[PDB]
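J.: Make a model of this:
(2 chains)
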Amino acid sequence: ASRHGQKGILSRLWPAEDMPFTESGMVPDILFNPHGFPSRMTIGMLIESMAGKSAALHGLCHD
Amino acid sequence: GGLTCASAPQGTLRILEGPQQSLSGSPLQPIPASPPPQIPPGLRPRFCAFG
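T.: Numbering: from 1, shown residues only, chains lettered A, B, ... in the order given. Next comes the structure:
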């Protein structure tokens, strides 16, 4: 689960070489279907993703 | 030589002790409002591409 009520079971363990790699070499470790947003309207997860990426990038800690 | 009823009182006084109101200044908060989260100055990129 996330901190926004988006609970779900673990359905697969996707091999690390079959995951979509980014142009920076990275590779996600969680894949989250984008269809839980439209009906549940948890816009706080889409802001937490950006806040946490900015934190990990700048060494900061946002509130 | 006994006690008899006398004339009815003509008025009543009720005493109470009361202090007064000061000026309205309405000093809401030490550091007031919800101060906004903001940009650290300069920052700089902490990541580069390969090549």
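
J.: In chain A, which residue sits closest to chain B?
T.: residue A:57 (5.5 Å; Cβ to the nearest Cβ). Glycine gets a C-beta too; all of them are placed from N, C-alpha and C.

J.: dump the residue contacts of that residue.
T.: Neighbour list for residue A:57: B:46, B:47 [criterion: Cβ atoms under 8 Å, 6 or more residues apart in numbering or on different chains].

J.: same thing but 10 Å
T.: B:43, B:45, B:46, B:47 (Cβ atoms under 10 Å, 6 or more residues apart in numbering or on different chains).

J.: Show me the subset of those that also lies near chain A.
T.: B:43, B:45, B:46, B:47 (Cβ under 10 Å from any Cβ of the partner chain).

J.: Residue A:54 is in contact with the last one, correct?
T.: No. Between residue B:47 and residue A:54 there is no contact, the gap being 11.7 Å when judged by Cβ atoms under 10 Å.

J.: Next to chain B, which bits of chain A? Give me the list.
T.: Within chain A, the residues that sit near chain B (Cβ under 10 Å from any Cβ) are A:23, A:24, A:25, A:51, A:54, A:56, A:57, A:58, A:59, A:60, A:62, A:63.

J.: Of those residues - the most surrounded one?
T.: Within these, residue A:51 tops the neighbour count with 16 neighbours, counted by other Cβ atoms under 10 Å in any protein chain shown.

J.: contacting residues around the residue lying closest to that one once chain neighbours are set aside?
T.: In this structure, residue A:51 finds its nearest non-sequential neighbour in residue A:62, 4.8 Å apart by Cβ to Cβ, 6 or more residues apart in numbering or on different chains. Residues near residue A:62 by Cβ under 10 Å, 6+ apart: A:47, A:48, A:50, A:51, A:52, A:54, A:55, B:37.

J.: Save these as CSV, and put in secondary structure and distance to residue B:25 too.
T.: As requested, these are arranged in CSV below (DSSP: H, G, I helix; E, B strand; the rest coil; distance: Cβ to Cβ, whole Å):
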residue, secondary structure, distance to residue B:25
A:47, helix, 39
A:48, helix, 41
A:50, helix, 42
A:51, helix, 39
A:52, helix, 43
A:54, helix, 41
A:55, helix, 41
B:37, coil, 30
